[PDB]
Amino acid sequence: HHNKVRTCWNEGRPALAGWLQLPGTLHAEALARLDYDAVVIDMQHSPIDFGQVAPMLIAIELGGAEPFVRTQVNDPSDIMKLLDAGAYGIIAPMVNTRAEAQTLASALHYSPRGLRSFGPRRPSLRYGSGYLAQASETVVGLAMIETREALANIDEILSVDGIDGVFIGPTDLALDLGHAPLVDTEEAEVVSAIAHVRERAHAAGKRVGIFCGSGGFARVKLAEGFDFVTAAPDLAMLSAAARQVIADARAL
């Protein structure tokens, strides 16, 4: 009866989350039972459509992590249907302006705070009769910062009341700045922009997150004060592990 990520924050610690681009419930449950506070299902850069995300949300909740979704797009009705299917965290890609951040916020709150349509199929089962009064706190929302334009507008994006903060998309950000879309990059201009976004989010009293490709980079981001760190995509981790097993098996 609490959003586990908001509980982390309320108790003074950051949240660490998993990241899934592979559809299915078995690895979703297995990873949720690890020491992840949340598991993000990626519906943008994956083949995961709504039909496949729906059972994954159930499996993550059963495993003991908060189910999050990184949506394909910042679309209110898409987001609302995910909320009613038991997504309790929303990360919306490519939020570039205050207006787009306001569009995200509008989907996450019932009237009068937002315009979310009422029919909370799975949240009513989880939270019971008192859901409506607490509905806003049960959901975490982050706008993604992935472009030069979003950087230009970062302070105005952070002024939006109905979202908890921002989540950096570091490979899109590097690419829009004219650099290789490398995860966990050392490119100075990108590193400086990421630091800037974190600094402005905290100056605004908001939360800031970042996508990480490795556990070591995630540790550094937590030390730098990021509130929400993801590490690392299931497909990337699986591919790297398989490569190493093969190398070990085929070595002389």
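For every residue, the number given is its place in the sequence shown, counted from 1.
* Asked: Can you tell me which stretch has the higher mean Cα B-factor, 225 to 233 or 6 to 14?
  -> Taking the mean C-alpha B-factor of 6 to 14 and of 225 to 233, the larger value falls to 6 to 14.
Should the higher mean CA B-factor in the entry be assigned to 25 to 33 or to 195 to 203? Result of the comparison: 195 to 203.
Maximum C-alpha temperature factor per the entry, among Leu62, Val183, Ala54, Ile48, belongs to which one? The listed residue with the largest C-alpha B-factor is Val183.
Go through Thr71, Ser129, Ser77, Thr138 one by one and give the residue whose Cα B-factor in the PDB entry is largest. Of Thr71, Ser129, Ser77, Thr138, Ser129 has the highest C-alpha B-factor.
*Among the modelled residues of its chain, does the C-alpha B-factor of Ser117 lie in the lowest, middle or highest third?*
Its C-alpha B-factor, which the entry lists for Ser117, ranks in the lowest third among residues of this chain.
| said: Quick check on the deposited entry: does the C-alpha B-factor of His109 sit in the lowest, middle or highest third of its chain? | reply: According to the entry, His109 has a C-alpha B-factor in the chain's lowest third.
Report task. Classify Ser159 as lowest, middle or highest third according to the C-alpha B-factor given in the PDB entry, relative to its own chain. Result -> It belongs to the highest third of the chain when residues are ordered by C-alpha B-factor.
Looking at the temperature factor on the CA atom of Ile58, which third of the chain's modelled residues does it land in?
Lowest third - that is where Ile58 ends up once the chain's C-alpha B-factors are sorted.
Point to revise | CA B-factor ranking of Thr147, expressed as a third of its chain | key: For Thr147, whose C-alpha B-factor we compare with every modelled residue in the chain, the answer is the middle third.
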